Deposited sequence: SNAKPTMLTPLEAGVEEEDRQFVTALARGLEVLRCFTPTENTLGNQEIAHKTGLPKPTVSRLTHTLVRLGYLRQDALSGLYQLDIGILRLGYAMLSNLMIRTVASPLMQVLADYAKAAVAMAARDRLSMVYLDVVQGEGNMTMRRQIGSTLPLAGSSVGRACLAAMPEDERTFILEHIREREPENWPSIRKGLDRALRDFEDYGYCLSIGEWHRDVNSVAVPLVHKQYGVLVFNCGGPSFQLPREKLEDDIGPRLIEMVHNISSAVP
């Protein structure tokens, strides 16, 4: 029922004879590419996915023939191709909520002189779906970029608005992946959960990036799932007291307005 966190891993999941393993694997290959690791061969993809290299070889050959990868003639290495951009825009275009939310986000971004964004979860990350900047505006586009769940304000609000058992399951995953730092990670999360219960937002005061503060408010939506709106920026421009006393309350009111306008 919940979205798979680790689709290449067999676990306690009872068998699923409908599941199309080759489709899962080929899409996982595309997910190996990152801004720093943007050119990859079959060996690195096999090490990243844990798949046999001959299996990877069939998938990258197929992805090239379909236009989702391209292969450099000299090196043999692969890179993402622009079919992926077309798919992403088709996805973004079903977010009708943006026509109501974006003007309201720009008003808040202009007041706070900071970025306001809308995000949703995929696996253990939050993904930016729409970003507006204060009229004090860079070249890098941020739609589709990702933030970790536990330390960002958007991930904390997403976890806060989650059912208790589902949060526990995702948190198990994070805990078993970072055993050394988990007590510290969890304390930061516990504090954000108290803020959600007490005030209806979550903060990240330098806990995603040390120089950055942000506040976030979730919106549970029947079609889209849990959407999260945040406002954040340099901690010098947005000290904790400003987020608690001013921006956080404005963000709450903004989300109620969006929520009341969206069927």
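By the record, the deposited chain contains unmodelled runs at 1-3, 141, with no C-alpha atoms placed there.
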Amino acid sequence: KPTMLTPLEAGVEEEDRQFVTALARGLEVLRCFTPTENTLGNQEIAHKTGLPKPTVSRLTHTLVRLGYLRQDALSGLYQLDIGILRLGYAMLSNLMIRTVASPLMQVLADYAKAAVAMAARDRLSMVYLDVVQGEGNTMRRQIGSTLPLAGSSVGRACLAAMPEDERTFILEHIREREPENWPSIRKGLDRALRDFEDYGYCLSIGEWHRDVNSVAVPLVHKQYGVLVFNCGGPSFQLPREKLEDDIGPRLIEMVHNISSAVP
From here on, numbers count along this sequence of modelled residues.
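Higher mean CA B-factor, judged across 163-171 and 138-146 from the recorded values: 163-171. Stretch comparison (36-44 versus 202-210) by mean CA B-factor in the PDB entry places 36-44 on top.
Note on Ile247, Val255, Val20, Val12: the highest value goes to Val12, judged by CA B factor as recorded. Per-chain ranking of the deposited C-alpha B factor places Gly225 in the highest third.
Split the chain's modelled residues into thirds by C-alpha temperature factor. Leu77 is in the highest one. Ranked by Cα temperature factor within the chain, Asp190 sits in the middle third according to the deposited record. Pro179: CA B factor lies in the highest third for its chain, per the PDB record.
When the modelled residues of the chain are ordered by their C-alpha B factor, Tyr68 lands in the lowest third.
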